[PDB]
Amino acid sequence: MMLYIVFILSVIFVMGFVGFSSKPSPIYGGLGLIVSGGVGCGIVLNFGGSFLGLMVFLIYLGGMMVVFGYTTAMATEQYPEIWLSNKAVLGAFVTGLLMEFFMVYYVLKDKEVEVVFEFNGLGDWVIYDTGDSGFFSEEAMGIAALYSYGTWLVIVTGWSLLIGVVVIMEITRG
Amino acid sequence: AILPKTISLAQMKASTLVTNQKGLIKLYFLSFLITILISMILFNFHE
Amino acid sequence: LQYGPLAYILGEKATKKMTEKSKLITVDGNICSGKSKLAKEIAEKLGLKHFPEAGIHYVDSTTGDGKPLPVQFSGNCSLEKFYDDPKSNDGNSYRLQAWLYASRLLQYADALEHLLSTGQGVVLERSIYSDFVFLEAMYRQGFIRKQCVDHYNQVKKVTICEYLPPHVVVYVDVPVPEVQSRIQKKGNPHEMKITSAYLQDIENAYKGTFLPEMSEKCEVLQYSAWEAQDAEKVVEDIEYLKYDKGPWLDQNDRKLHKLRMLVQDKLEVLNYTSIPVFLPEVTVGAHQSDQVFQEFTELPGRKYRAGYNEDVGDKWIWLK
Amino acid sequence: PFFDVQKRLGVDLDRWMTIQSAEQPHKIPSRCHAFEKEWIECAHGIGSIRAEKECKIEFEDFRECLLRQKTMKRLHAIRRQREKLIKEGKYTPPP
Amino acid sequence: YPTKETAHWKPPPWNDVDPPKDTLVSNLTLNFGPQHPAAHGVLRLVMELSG
Amino acid sequence: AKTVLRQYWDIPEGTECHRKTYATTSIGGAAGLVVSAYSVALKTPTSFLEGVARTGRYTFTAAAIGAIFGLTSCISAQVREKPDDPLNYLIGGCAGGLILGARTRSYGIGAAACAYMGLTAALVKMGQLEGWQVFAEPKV
Amino acid sequence: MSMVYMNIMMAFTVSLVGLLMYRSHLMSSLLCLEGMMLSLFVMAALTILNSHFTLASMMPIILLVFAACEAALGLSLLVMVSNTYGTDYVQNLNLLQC
Amino acid sequence: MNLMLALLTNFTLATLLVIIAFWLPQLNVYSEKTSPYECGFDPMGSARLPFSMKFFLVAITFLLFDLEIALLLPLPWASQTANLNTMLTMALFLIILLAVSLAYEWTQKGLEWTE
Amino acid sequence: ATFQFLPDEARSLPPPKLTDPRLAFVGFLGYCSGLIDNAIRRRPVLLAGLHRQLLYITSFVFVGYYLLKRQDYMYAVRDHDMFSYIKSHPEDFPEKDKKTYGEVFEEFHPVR
Amino acid sequence: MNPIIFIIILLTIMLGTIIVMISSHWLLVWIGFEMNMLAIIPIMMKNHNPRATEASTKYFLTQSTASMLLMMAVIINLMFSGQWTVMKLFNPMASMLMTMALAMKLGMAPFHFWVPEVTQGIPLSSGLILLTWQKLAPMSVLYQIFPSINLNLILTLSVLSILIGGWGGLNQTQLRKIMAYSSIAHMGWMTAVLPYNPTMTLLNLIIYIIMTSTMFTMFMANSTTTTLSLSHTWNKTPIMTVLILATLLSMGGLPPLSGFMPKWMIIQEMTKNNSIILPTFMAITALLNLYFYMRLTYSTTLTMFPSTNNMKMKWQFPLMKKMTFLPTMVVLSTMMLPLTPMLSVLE
Ligand SMILES: CCCCCCCCCCCCCCCCCC(=O)OC[C@H](COP(=O)(O)OCCN)OC(=O)CCCCCCCCCCCCCCCCC
Ligand SMILES: CCCCCCCCCCCCCCCCCC(=O)OC[C@H](COP(=O)(O)OCCN)OC(=O)CCCCCCCCCCCCCCCCC
Ligand SMILES: CCCCCCCCCCCCO[C@@H]1O[C@H](CO)[C@@H](O[C@H]2O[C@H](CO)[C@@H](O)[C@H](O)[C@H]2O)[C@H](O)[C@H]1O
Ligand SMILES: CCCCCCCCCCCCO[C@@H]1O[C@H](CO)[C@@H](O[C@H]2O[C@H](CO)[C@@H](O)[C@H](O)[C@H]2O)[C@H](O)[C@H]1O
Ligand SMILES: CCCCCCCCCCCCO[C@@H]1O[C@H](CO)[C@@H](O[C@H]2O[C@H](CO)[C@@H](O)[C@H](O)[C@H]2O)[C@H](O)[C@H]1O
Ligand SMILES: Nc1nc2c(ncn2[C@@H]2O[C@H](COP(=O)(O)OP(=O)(O)OP(=O)(O)O)[C@@H](O)[C@H]2O)c(=O)[nH]1
Ligand SMILES: N=C(N)NC(=N)NCCc1ccc(I)c(Cl)c1
Ligand SMILES: [Mg+2]
C-alpha cells in the first residue's frame, strides 16, 4: 500500500476539491483548498520536486489567509453553511464523493479503468526513471535557470507584478 | 408563406428569445456547462 | 498647447496657480434684493472676476462677437412674456427655466475654468445650485406642470453632480413686502405684475432648501437689507473665514485635471441639457429646427469655426 | 509565431524552452531526448502534412516514450497472467 | 419589441450612473467591559466598531 | 448524433418504416432535450415540477415531429414505390409542421411550419442524392 | 496514462464544474478559480518532473505568479462589488440585462 | 516513512491530550455557562456579522509580494550559474521592480488604512 | 523571408509606375480624407489648410506605393510557385490532344 | 486616473497582445493573455459606477475561465507531444478546449452572453478597445492552430454567431449593445472562412476593425450612446450624419462600399471548396445585420427627428473632441472596393 502513496494522496486531493467546489461557506471552502494544497505538495514532492511542492503549499497558505480575512468582511452571513446545512451543497458534495469512490474502486479492482478515457491502475511507480546518480537536483537547476535562460520570462512576470500593484489601486479607488 | 409579414414576425420572435435574458452570471455560466457537455456527449467535438 | 493630459504632464497643475485667494463666491437673494450691486463690489475689493447674472443671452456674450442674437436663436423664450402670461399655452414658462438653467450651467463651467487655469477667484450672481428656487416658485403657482419639474430634476441630476460647489455662499435677506416695494421703484411694467405668493415661494425655497443644504458643504453668510449695503463689511467677513468643510478639501491635482477637462469642453458641459425627453414645452419639430438652424449659419461669423470666417476678416484660411 | 520578430531580429525570447532536446542546464538530458531528436529531425522542413504520414514511425515511438501506454499494457498483461497462475498453483516466482 | 418578460425593464441612466444603495453598512457593537482589564471592572462601554 | 443519423441514412429508403421512426424520433427527442436544457438553464423555472413539465413538453413535441416525419416519409416511399424522391420528404416534412401547429395550437404556425419544414426536408433529400456538403471539407 | 492523471484531471473537472455552477457568494467561485490553478500546477509539475524536462521546471512557478495576479484582481473587484451592495452575492450584478 | 511517522506521532499525541481533556474532567453543562462571552452582558448581534477590513489594500498587495519571494527564493542556486552577468542583472531587475511597486503604493497612500 | 514586408527578391520586379492608376486612386482617397477633415471641423472644405490637405495626398501616396509594390510581389510569387509546381509534376498536368469541333460530338437542343 | 498611469496601462494592454502575436511558446501566449486581462480591467472601471463594476466583474469571470481552459489545453498538448511550440495541437481534446477557450475570449455564440452586457456597461472609448483591439490576440492564435481545429466545431460556432448576432441586434436601442451584437455576427464570418483560407480571416478582421473604429469614434464625437440622442446629430453636425450613413451601409455589406469586400472574398473561398449552402445561408442571415443598420440610418440621416430647444445652445460651440484618424478611417470604410486585389499583401 505504500507503493500507492501518490494515488492515495491524489484521492484526498480530489476530496478537497469536492470540498470547496460544492461551495459551502468560504471559511470551509478555504479549508478544503488548504487540504488540497497540502496533499498536492506531497504528490509533487513524490516525483522529485520538493521545491515546487513546498512553494505551491506556501503560496496557497498565504492566499487562503487573505481570503479568510476577506470572508469575515465581505462573504459572511448569520448562519454560514457547512456541507450538511444545505441540500444543494450536500447533494453536490455527495455526488463528488460517490463519483470519486467508484473511480477508485474500479481502477483498484482491475488495476485499470476507463473514466471517459483509459487509465492504467498498476501504480504510479512503474513510469519512474531508473537511472539517477547525478550529484545535484534537476528541479533546482531547472528553476535556477530562470535567471540565466529565462531573461524574457523574468521581464514579463516582473512587469506584470508591478502593473498588478498599479491596477489594484486603480480598481479599488472610488 | 413567403409573405414579408410572416418572415419579419419569425425574426421578431427569434429576436425576443435571444435577447430576453436575466443578466445573471449564474445562468450564463450554467449554459456554458451545458454547451461543453453536449459538445462531447452529443457531437463528439472532443474527438 | 491647449490644455490636456500632455500639458498636465509637463507641469500645468491647478495646485500651482491656486492660492488662499482662489475662491468661487456666489451671491444669492430674492428679486430686487441688491445682489448685483453687492456682487460687483465684492469682486472689486477682493480682486475677483465678476460674472453678471446669466440671462437669456449669456451664451451669445461668450461666442461670436459677444452681442446678443435675435431671440429666435434662443427659442423665443422671454422673461417679459413670463410675467405677462405665466400660464401660457405655448409653454414659454418652462422653456425659459430650462434655457436659463443651461445658461447658468455654462456660466458655472466658465467660472470654474477661469479659477483653475489662472488661479483667480470669481463672483457669481445665483448659480445652478440655487436655480431650482425659481422652478419651485413656478410650480407652486401652477405656472408649469409636474412633468416639467420631473424633466428639470432629470437634467439637474446628471449635470450638477460633476462640479464643485462654491466656497462661499453670500445671501441677502430682504422680506417680500420690501421686495414688492423695491420692484415698483424699478419701474419695469412687466415685473410689477409679480405676485407676492410667487416671491414668497422663492423665499421659502431659499430658506427651506437652498440655505440648509449649502450650509453642510459651503460657508454661508447671511445679510439683511442694511447689512448688505456696506460691501466693505461683507468683504471683511469673507477675508477671515476658516474654510474647513466641503468637497474642496478633498481635491487634488488628479481630480482638478479631470474637472478642468470637462469645463473647457462646452459641448461636454451641455451634453445632457438636451436629453431626448419629449416635453411639449421644450420639443421642437423638425421643420422649425431645420429652418432656424439654417438661419443661424447665415449670421456673420457663424458659418465656420471661429478663425475661418473671412466674411468677418479672418485671414490665412488657406494655411489654417 | 504570428509575427516572427524573434527570427527577424535574431533574438531568442522563448525558443529555448519550446522543446526538451534543446540545450539544458549542465547538459542534463530529458528521458525522451533521443526519440524527440529523431522525430524532429525526420519532420524538419517538409511541413506538417507530409510529416504526419512520413514521420509516423518516429512519432509513435516518441509518443510511446512520453506516455508509455503500450509498455504498461505489456506489463499489466503479465502481472494479471502471473496471478491467474498463482492461484492455480502453476507458478513459483524465483528467490 | 415589448414582451411580458421585459415589461419591467427601464432605460439606463442618461449618464450611466445608478443611485448608490443603502443595503445596511452597519457597525459592530461591542460590550467593552464591565468585566474587562481596561474597563476598571465597572464600566460597560458600549462601542460601535467599523473594523 | 452521428450514429443515429447514420442508422437512418444507412438503411434503404422506404423499407422498414418502423425502424426509421426509431431513428427520427431519437433525433427529434434529442433536439427537444437540448432545447429543454438551455431553456431550463437560461429561464429558471419557478419550481422543480415546472422545470420537469417544461422539459416534457419540448421533448415530446420534438420527438413527435421526429416520429411523424420518419413515418410519413417512409410510408409514402413504399406506397409510391419511389424510394429516391425528394417529394416523399416534402410530405414528411410538412406532416411534422402540422404537428408543431397542433402542439402550439396555431394554424398560422402550422401553415408556416409545413412550408419551411417540408421544403427544408425536401432539400435535405436532394443534398443526400447529389452529395451537397453543408460543412464541406477543405480541398483547395 | 498513469492512475494519478485520472485523479488530477478529475480534480480539474470538479473545480471547473464548481466554477460554472454558481451559488450566491462571489467569493465561493473565486475559490474555484484558485482550485483550477492548483490542479493545473500539479498536473504540469508531474509531467515536467517525470519527463526530466529540466528547463520546463520553472513554468509551474510562473504559473503560480499569474495565479496570484488573477486572484488579486478578482479580490479587487469583489471589494468593489461589496462596497456597492454590502454583500458579494452575484444576483446583485444584474443591472446590465437592461 | 520517517517524516510521515513523525507527523503522525505529533498530531496523534495532540489528539490524545484533547481526548483526555474532554473525558477525564467532571462536566456540568447548562445554558448560562456555555453562552458566548462578552464581559458579562449579552452580545449585541451575531459575531458572524461583517467585520470591516481597513487594510484590505495591503492584504491584496501581500498576495503580489508573496509571489515575489517564490521568484526570489531560487537565487542561491542561480548564483552557481556560469552566466553570472545575466543572473545578476535579472536578479537586481526583479528586486528593483519590487521596490518600485512598494514606492508607488507608498506614495499613493495604499499603505495607509482606510477610515 | 520571415517577417519582411518586401523580401529582397522583389527588387528584380519592375517597380510600380508613379503614374499607376491604382496609385492615382490612392492619392484621390487622400484628397477625400482631407476634405472630410475640413468638413467635420467646420472649416471651408476646399480652401482651409492646404498644407494639411497636401500631407494627406502625400501620406496616402507614400504608404500606397509600398502596398502596391508588395501586392505585385505577392502575385509574382504566386505565379512562380504555381508554374514551378506544374514543372515538378508533369504527370498531374498532362497535355491532352485537342479535337476540333468537326470531330467532337455535341447534342443539338432545338428551340421550338 | 493619472494621465501617465493611463498611458502605461494602455501600453500594457498592447504589450500583452503583442506578446501573444510574437510568441513561439504556449506558456508565453498564456502570459500574454493574462497581462492583457490585467491591464484592461482598470480601463473598464475608469468611471467607477455600479454598471462599470458589474461589467468588469462579468468580463473578469469570463476571461479568467477561458484562460483556464487554454492552459489546460496547453498542458494536455505537452503531455501528448512533450513540447510547447505554438502550432497545430497534438490531441483532439486539447484542440477542443483551446477552441472553446478562444471562442469565449472572442465572445462567439453560445459563449456570447458577456459581450452585450460588458460593452453596455463601459465607456465608449473602452468599448472601442474591447470590440477591436481585443480581437487581435485570440485571432492570431486561431490563425496558427487551424489545421488541428475540429471543422464541425468551428463552423457551428460561426453559424451560431451569425444567427445570434443577427437576431440579437434587432431588439436593441442602445448603440453600445447594437455594436456588441454586430461584433458577434462579424466574428462568425472571420471563423467561417478560417478552415479554408486564413488570409481571408485577416482581411475580414482588418476591415471590421476599421469600420468599428469609425462608428465608435463618431459616437464618441457627439457623446451619443442611444438611438434617440444620435438622432439629434442632424441638428448639430449634418456632416457627421452622412459619414454615419455611409459607414453603416458599408458595415451592412452593400456594394460598392468597402464592407462588401470581406463578404465577397469569403464567399469566393468557400465556393472553391464546394461549400455552397453555408455561404448562401450566411449571406442571407447577414440581412439581419443590414436591417438594424438601416434603422439607425433612418433615425439619423434619412429623416429628421424632433429636437429640443436647448439644442440651440450647442450651435455656438465647435466640436472639441480629438476624433483621431476619423477622416482617414471613414474613407477606408467606404471607398476601398476598387483596391480589393491589395488583399494579397496579407498573404
Ligand atoms: C475627379 C473627382 C470627381 C469627384 C468624385 C467625388 C466622389 C465622392 C468623394 C467623397 C468625398 C466628398 C468630399 C467630402 C465632403 C466634404 C464636402 C461637404 O461636406 O460639403 C460640400 C462643401 C461645400 O460646403 P461648405 O461646408 O460650405 O464648404 C465650403 C467650401 N466651398 O464642399 C464643396 O463645395 C465641394 C466638395 C465636394 C463635394 C462632395 C459631394 C458629396 C460626394 C459624396 C456623394 C457620393 C459620391 C458619388 C458616389 C459615386 C462615386 C463616384
Ligand atoms: C470611389 C469608389 C468607391 C465608391 C463608393 C461610394 C463612395 C462614397 C464615400 C462616402 C464618404 C462620405 C463622404 C460624403 C460627403 C457628402 C457631403 C455632405 O456631407 O454634405 C454636405 C453637408 C455638410 O454639412 P456641414 O458640413 O455641417 O455644413 C452645413 C451644410 N449643411 O451635409 C449635409 O448637410 C447633408 C444633410 C442631409 C443629409 C442627406 C443624406 C442623403 C445624401 C447621402 C449622400 C452620401 C451617401 C453615401 C453612401 C454611398 C453612396 C454611393
Ligand atoms: C471541459 C472539461 C475538460 C476536462 C479535461 C479532461 C482530461 C482530458 C484528457 C485528454 C487526453 C485524452 O486521451 C485520449 O485517449 C487516448 C489516449 O491514449 C487516445 O486514443 C485514441 O488516440 C490514440 C492515437 O494515438 C490511440 O490510443 C487510438 O487511436 C485512439 O483510441 C486519444 O487520442 C486521446 O485523445
Ligand atoms: C418573396 C421573396 C423575397 C421577399 C423579401 C421580403 C423580406 C421582408 C422585407 C420587408 C421587411 C420590413 O420589416 C417590417 O415588415 C412589417 C410588415 O411587413 C412592417 O410592419 C408593418 O406591417 C405589420 C403587419 O402588416 C403591422 O402590424 C405594422 O403596424 C406595420 O408597421 C415593418 O414596418 C417593417 O419594418
Ligand atoms: C428570402 C430571404 C428573406 C430575407 C428577409 C430579411 C430579414 C428582415 C428581418 C426583419 C425582422 C424585424 O422586422 C420586424 O417585423 C415585425 C413583424 O410583425 C414588425 O412588427 C410589426 O407587427 C407586429 C405584430 O405582427 C407588431 O406587434 C409590431 O408592433 C409591428 O411593428 C416589426 O415592426 C419589425 O421590426
Ligand atoms: N423665472 C426666472 N426669472 C429669473 C431667473 N433669474 C432671474 N430671473 C428674473 O430676472 C430678473 C432680474 O433678476 P434679479 O436679480 O432677481 O432682480 P434685480 O432687479 O436685478 O435685483 P438684484 O438682485 O439686486 O440684482 C428678475 O425679475 C428675476 O425674476 C430665473 O432663474 N428664473
Ligand atoms: N488558401 C490558403 N489556405 N492559403 C492561401 N492564403 N493561399 C494559398 C495559395 C496562394 C494564393 C494567393 C497567393 I498571392 C499566394 Cl502567394 C498563394
Ligand atoms: Mg440683478
# chains A, B, ... in the order shown; residues from 1 in each chain; ligands from 1
>>> residues_near_ligand(ligand="ligand 6", cutoff="7 Å", atoms="only C-alpha atoms and all ligand atoms", output="ChimeraX atom specification")
/C:29-37,55,79,96-97,100-101,131,134,191
>>> write_last_selection(atoms="C-alpha atoms", output="short mmCIF file (atom, residue, chain, number, x, y, z; two decimals), in the first residue's frame")
data_model
loop_
_atom_site.label_atom_id
_atom_site.label_comp_id
_atom_site.auth_asym_id
_atom_site.auth_seq_id
_atom_site.Cartn_x
_atom_site.Cartn_y
_atom_site.Cartn_z
CA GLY C 29 -31.21 86.51 -2.79
CA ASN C 30 -34.76 87.22 -3.84
CA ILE C 31 -35.66 89.57 -6.69
CA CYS C 32 -34.55 93.18 -6.18
CA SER C 33 -32.55 92.13 -3.12
CA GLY C 34 -29.39 94.02 -4.11
CA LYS C 35 -27.39 91.04 -5.35
CA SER C 36 -25.83 92.69 -8.39
CA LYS C 37 -24.61 95.77 -6.54
CA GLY C 55 -29.53 85.89 -18.65
CA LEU C 79 -38.74 86.94 -19.38
CA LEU C 96 -37.35 79.76 -20.16
CA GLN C 97 -36.37 77.96 -16.96
CA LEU C 100 -31.86 79.61 -18.01
CA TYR C 101 -30.53 76.56 -16.18
CA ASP C 131 -31.66 77.98 -9.82
CA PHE C 134 -37.44 79.66 -9.42
CA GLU C 191 -42.00 92.92 -13.20
#
>>> residues_around(residues="residue 82 (chain D)", least_positions_apart="6", cutoff="12 Å", atoms="only C-alpha atoms", output="PyMOL selection string")
chain D and resi 75-76+88-93
>>> write_last_selection(atoms="C-alpha atoms", output="PDB file, in the first residue's frame")
ATOM      1  CA  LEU D  75       3.297  -5.187 -18.004  1.00  0.00           C
ATOM      2  CA  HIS D  76      -0.374  -5.222 -16.996  1.00  0.00           C
ATOM      3  CA  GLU D  88      -3.847 -22.417  -9.842  1.00  0.00           C
ATOM      4  CA  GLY D  89      -0.554 -23.469  -8.230  1.00  0.00           C
ATOM      5  CA  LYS D  90       1.082 -23.354 -11.664  1.00  0.00           C
ATOM      6  CA  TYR D  91       3.887 -20.884 -10.925  1.00  0.00           C
ATOM      7  CA  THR D  92       6.590 -20.348  -8.305  1.00  0.00           C
ATOM      8  CA  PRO D  93       8.392 -16.997  -8.543  1.00  0.00           C
TER       9      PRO D  93
END
>>> residues_around(residues="region 280-290 of chain C", least_positions_apart="4", cutoff="9 Å", atoms="only C-alpha atoms", output="CSV table (one decimal) with N, CA and C atoms, in the first residue's frame")
chain,number,residue,atom,x,y,z
C,75,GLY,N,-34.8,80.3,-28.8
C,75,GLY,CA,-36.1,79.6,-28.7
C,75,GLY,C,-37.3,80.5,-28.4
C,90,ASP,N,-48.2,78.2,-24.9
C,90,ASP,CA,-47.0,77.9,-25.6
C,90,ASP,C,-45.9,77.3,-24.8
C,91,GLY,N,-46.1,77.2,-23.5
C,91,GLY,CA,-45.0,76.6,-22.7
C,91,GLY,C,-43.8,77.5,-22.5
C,92,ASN,N,-43.9,78.8,-22.7
C,92,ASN,CA,-42.8,79.7,-22.6
C,92,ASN,C,-42.2,79.6,-21.2
C,93,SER,N,-43.0,79.3,-20.2
C,93,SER,CA,-42.6,79.4,-18.8
C,93,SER,C,-41.5,78.4,-18.5
C,94,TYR,N,-41.7,77.1,-18.9
C,94,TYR,CA,-40.7,76.1,-18.6
C,94,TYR,C,-39.6,76.2,-19.7
C,95,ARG,N,-39.9,76.5,-20.9
C,95,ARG,CA,-38.8,76.7,-21.9
C,95,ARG,C,-37.8,77.7,-21.4
C,98,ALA,N,-35.8,76.0,-18.3
C,98,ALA,CA,-34.9,75.1,-18.9
C,98,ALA,C,-33.7,75.8,-19.6
C,148,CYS,N,-42.8,68.9,-16.2
C,148,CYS,CA,-41.6,69.8,-16.4
C,148,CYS,C,-40.7,69.8,-15.2
C,276,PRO,N,-33.1,63.4,-24.9
C,276,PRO,CA,-34.3,63.2,-25.7
C,276,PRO,C,-35.5,62.9,-24.8
C,294,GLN,N,-30.6,76.8,-40.3
C,294,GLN,CA,-30.1,77.4,-41.5
C,294,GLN,C,-29.9,78.9,-41.3
C,295,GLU,N,-30.8,79.6,-40.6
C,295,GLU,CA,-30.6,81.0,-40.4
C,295,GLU,C,-29.4,81.2,-39.5
J,234,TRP,N,-28.3,65.4,-36.7
J,234,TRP,CA,-28.5,66.2,-37.9
J,234,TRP,C,-28.7,67.7,-37.5
J,235,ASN,N,-29.2,68.0,-36.3
J,235,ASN,CA,-29.4,69.4,-35.9
J,235,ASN,C,-28.1,70.0,-35.3
J,304,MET,N,-35.5,63.5,-40.2
J,304,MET,CA,-35.1,64.5,-39.2
J,304,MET,C,-36.0,64.3,-38.0
J,305,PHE,N,-35.5,63.8,-36.9
J,305,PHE,CA,-36.3,63.6,-35.7
J,305,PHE,C,-36.5,64.9,-34.9
J,306,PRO,N,-37.5,64.9,-34.0
J,306,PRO,CA,-37.7,66.1,-33.2
J,306,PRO,C,-36.5,66.4,-32.4
J,307,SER,N,-36.2,67.7,-32.3
J,307,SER,CA,-35.1,68.2,-31.4
J,307,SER,C,-35.7,68.9,-30.2
J,308,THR,N,-34.8,69.5,-29.4
J,308,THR,CA,-35.1,70.2,-28.2
J,308,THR,C,-34.6,71.6,-28.2
J,309,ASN,N,-35.3,72.5,-27.5
J,309,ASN,CA,-34.9,73.9,-27.5
J,309,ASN,C,-33.5,74.1,-27.1
J,310,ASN,N,-33.0,73.4,-26.0
J,310,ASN,CA,-31.7,73.7,-25.6
J,310,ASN,C,-30.6,73.3,-26.6
J,312,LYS,N,-30.2,74.5,-29.3
J,312,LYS,CA,-29.7,75.7,-29.9
J,312,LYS,C,-28.5,76.3,-29.2
>>> residues_near_ligand(ligand="ligand 7", cutoff="7 Å", atoms="only C-alpha atoms and all ligand atoms", output="ChimeraX atom specification")
/F:140 /I:74-75,77-78 /J:196-199,344,347
>>> residues_near_ligand(ligand="ligand 4", cutoff="12 Å", atoms="only C-alpha atoms and all ligand atoms", output="PyMOL selection string")
(chain B and resi 1-12) or (chain E and resi 1) or (chain J and resi 170+284-285+287-288+290-292+294-295+298)
>>> residues_around(residues="residue 210 (chain C)", least_positions_apart="5", cutoff="12 Å", atoms="only C-alpha atoms", output="PDB file with N, CA and C atoms, in the first residue's frame")
ATOM      1  N   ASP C  28     -26.593  85.238  -3.631  1.00  0.00           N
ATOM      2  CA  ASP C  28     -27.978  84.854  -3.849  1.00  0.00           C
ATOM      3  C   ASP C  28     -28.906  85.828  -3.138  1.00  0.00           C
ATOM      4  N   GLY C  29     -30.194  85.646  -3.365  1.00  0.00           N
ATOM      5  CA  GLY C  29     -31.207  86.507  -2.787  1.00  0.00           C
ATOM      6  C   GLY C  29     -32.421  86.588  -3.686  1.00  0.00           C
ATOM      7  N   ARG C 126     -26.245  84.097  -8.217  1.00  0.00           N
ATOM      8  CA  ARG C 126     -27.001  82.858  -8.344  1.00  0.00           C
ATOM      9  C   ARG C 126     -26.195  81.851  -9.148  1.00  0.00           C
ATOM     10  N   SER C 127     -26.621  80.597  -9.145  1.00  0.00           N
ATOM     11  CA  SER C 127     -25.890  79.550  -9.838  1.00  0.00           C
ATOM     12  C   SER C 127     -26.826  78.373 -10.049  1.00  0.00           C
ATOM     13  N   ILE C 128     -26.282  77.314 -10.645  1.00  0.00           N
ATOM     14  CA  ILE C 128     -27.032  76.084 -10.830  1.00  0.00           C
ATOM     15  C   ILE C 128     -27.508  75.517  -9.505  1.00  0.00           C
ATOM     16  N   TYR C 129     -26.858  75.879  -8.401  1.00  0.00           N
ATOM     17  CA  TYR C 129     -27.235  75.339  -7.102  1.00  0.00           C
ATOM     18  C   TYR C 129     -28.493  75.990  -6.549  1.00  0.00           C
ATOM     19  N   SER C 130     -28.753  77.244  -6.900  1.00  0.00           N
ATOM     20  CA  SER C 130     -29.926  77.963  -6.424  1.00  0.00           C
ATOM     21  C   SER C 130     -30.985  78.152  -7.498  1.00  0.00           C
ATOM     22  N   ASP C 131     -30.714  77.748  -8.737  1.00  0.00           N
ATOM     23  CA  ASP C 131     -31.662  77.981  -9.819  1.00  0.00           C
ATOM     24  C   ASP C 131     -32.995  77.290  -9.564  1.00  0.00           C
ATOM     25  N   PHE C 132     -32.999  76.214  -8.779  1.00  0.00           N
ATOM     26  CA  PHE C 132     -34.229  75.469  -8.550  1.00  0.00           C
ATOM     27  C   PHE C 132     -35.280  76.274  -7.799  1.00  0.00           C
ATOM     28  N   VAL C 133     -34.895  77.347  -7.108  1.00  0.00           N
ATOM     29  CA  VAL C 133     -35.872  78.106  -6.333  1.00  0.00           C
ATOM     30  C   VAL C 133     -36.906  78.730  -7.256  1.00  0.00           C
ATOM     31  N   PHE C 134     -36.485  79.152  -8.446  1.00  0.00           N
ATOM     32  CA  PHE C 134     -37.440  79.662  -9.418  1.00  0.00           C
ATOM     33  C   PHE C 134     -38.333  78.558  -9.953  1.00  0.00           C
ATOM     34  N   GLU C 136     -39.408  75.843  -8.274  1.00  0.00           N
ATOM     35  CA  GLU C 136     -40.423  75.569  -7.264  1.00  0.00           C
ATOM     36  C   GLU C 136     -41.450  76.685  -7.216  1.00  0.00           C
ATOM     37  N   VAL C 169     -21.119  81.180   0.062  1.00  0.00           N
ATOM     38  CA  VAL C 169     -22.479  81.453  -0.397  1.00  0.00           C
ATOM     39  C   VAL C 169     -22.945  82.701   0.344  1.00  0.00           C
ATOM     40  N   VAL C 170     -22.747  83.863  -0.259  1.00  0.00           N
ATOM     41  CA  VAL C 170     -23.296  85.096   0.290  1.00  0.00           C
ATOM     42  C   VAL C 170     -24.780  85.148  -0.035  1.00  0.00           C
ATOM     43  N   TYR C 171     -25.594  85.444   0.967  1.00  0.00           N
ATOM     44  CA  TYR C 171     -27.037  85.514   0.805  1.00  0.00           C
ATOM     45  C   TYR C 171     -27.550  86.809   1.411  1.00  0.00           C
ATOM     46  N   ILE C 202     -40.294  81.820  -3.717  1.00  0.00           N
ATOM     47  CA  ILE C 202     -38.859  81.991  -3.913  1.00  0.00           C
ATOM     48  C   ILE C 202     -38.152  82.055  -2.569  1.00  0.00           C
ATOM     49  N   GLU C 203     -38.687  82.852  -1.646  1.00  0.00           N
ATOM     50  CA  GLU C 203     -38.067  82.970  -0.332  1.00  0.00           C
ATOM     51  C   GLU C 203     -38.092  81.639   0.407  1.00  0.00           C
ATOM     52  N   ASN C 204     -39.216  80.928   0.350  1.00  0.00           N
ATOM     53  CA  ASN C 204     -39.308  79.657   1.057  1.00  0.00           C
ATOM     54  C   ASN C 204     -38.303  78.654   0.515  1.00  0.00           C
ATOM     55  N   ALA C 205     -38.135  78.607  -0.807  1.00  0.00           N
ATOM     56  CA  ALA C 205     -37.152  77.705  -1.392  1.00  0.00           C
ATOM     57  C   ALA C 205     -35.749  78.041  -0.906  1.00  0.00           C
ATOM     58  N   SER C 215     -25.260  74.844   3.695  1.00  0.00           N
ATOM     59  CA  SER C 215     -24.528  75.004   4.944  1.00  0.00           C
ATOM     60  C   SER C 215     -23.629  73.809   5.228  1.00  0.00           C
ATOM     61  N   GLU C 216     -24.027  72.615   4.797  1.00  0.00           N
ATOM     62  CA  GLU C 216     -23.234  71.424   5.063  1.00  0.00           C
ATOM     63  C   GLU C 216     -22.000  71.330   4.180  1.00  0.00           C
ATOM     64  N   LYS C 217     -21.954  72.084   3.083  1.00  0.00           N
ATOM     65  CA  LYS C 217     -20.896  71.958   2.096  1.00  0.00           C
ATOM     66  C   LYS C 217     -20.158  73.256   1.798  1.00  0.00           C
ATOM     67  N   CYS C 218     -20.710  74.414   2.151  1.00  0.00           N
ATOM     68  CA  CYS C 218     -20.076  75.696   1.877  1.00  0.00           C
ATOM     69  C   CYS C 218     -20.102  76.569   3.123  1.00  0.00           C
ATOM     70  N   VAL C 220     -21.638  79.883   4.502  1.00  0.00           N
ATOM     71  CA  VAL C 220     -22.842  80.652   4.214  1.00  0.00           C
ATOM     72  C   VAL C 220     -22.841  81.895   5.086  1.00  0.00           C
TER      73      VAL C 220
END
>>> select_by_dssp(residues="chain H", states="helix (DSSP H, G or I)", output="count of residues only")
71
>>> residues_around(residues="residue 56 (chain J)", least_positions_apart="3", cutoff="8 Å", atoms="only C-alpha atoms", output="number ranges by chain")
G: 77; J: 41, 44-45, 52-53, 59-60, 118
>>> residues_around(residues="residue 157 (chain A)", least_positions_apart="2", cutoff="10 Å", atoms="only C-alpha atoms", output="number ranges by chain")
A: 152-155, 159-163; G: 62, 65-66, 69; H: 68, 71, 94; J: 31, 35
>>> residues_near_ligand(ligand="ligand 3", cutoff="6 Å", atoms="only C-alpha atoms and all ligand atoms", output="PyMOL selection string")
(chain A and resi 117) or (chain G and resi 9+13) or (chain J and resi 76+91-93)
>>> write_last_selection(atoms="C-alpha atoms", output="PDB file, in the first residue's frame")
ATOM      1  CA  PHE A 117     -10.515   7.784 -21.107  1.00  0.00           C
TER       2      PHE A 117
ATOM      3  CA  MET G   9      -7.842  15.602 -14.299  1.00  0.00           C
ATOM      4  CA  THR G  13     -13.078  18.908 -13.914  1.00  0.00           C
TER       5      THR G  13
ATOM      6  CA  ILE J  76      -2.538  18.234 -22.381  1.00  0.00           C
ATOM      7  CA  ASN J  91      -4.515  15.972 -29.047  1.00  0.00           C
ATOM      8  CA  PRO J  92      -8.156  16.355 -30.149  1.00  0.00           C
ATOM      9  CA  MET J  93      -9.245  17.161 -26.580  1.00  0.00           C
TER      10      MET J  93
END
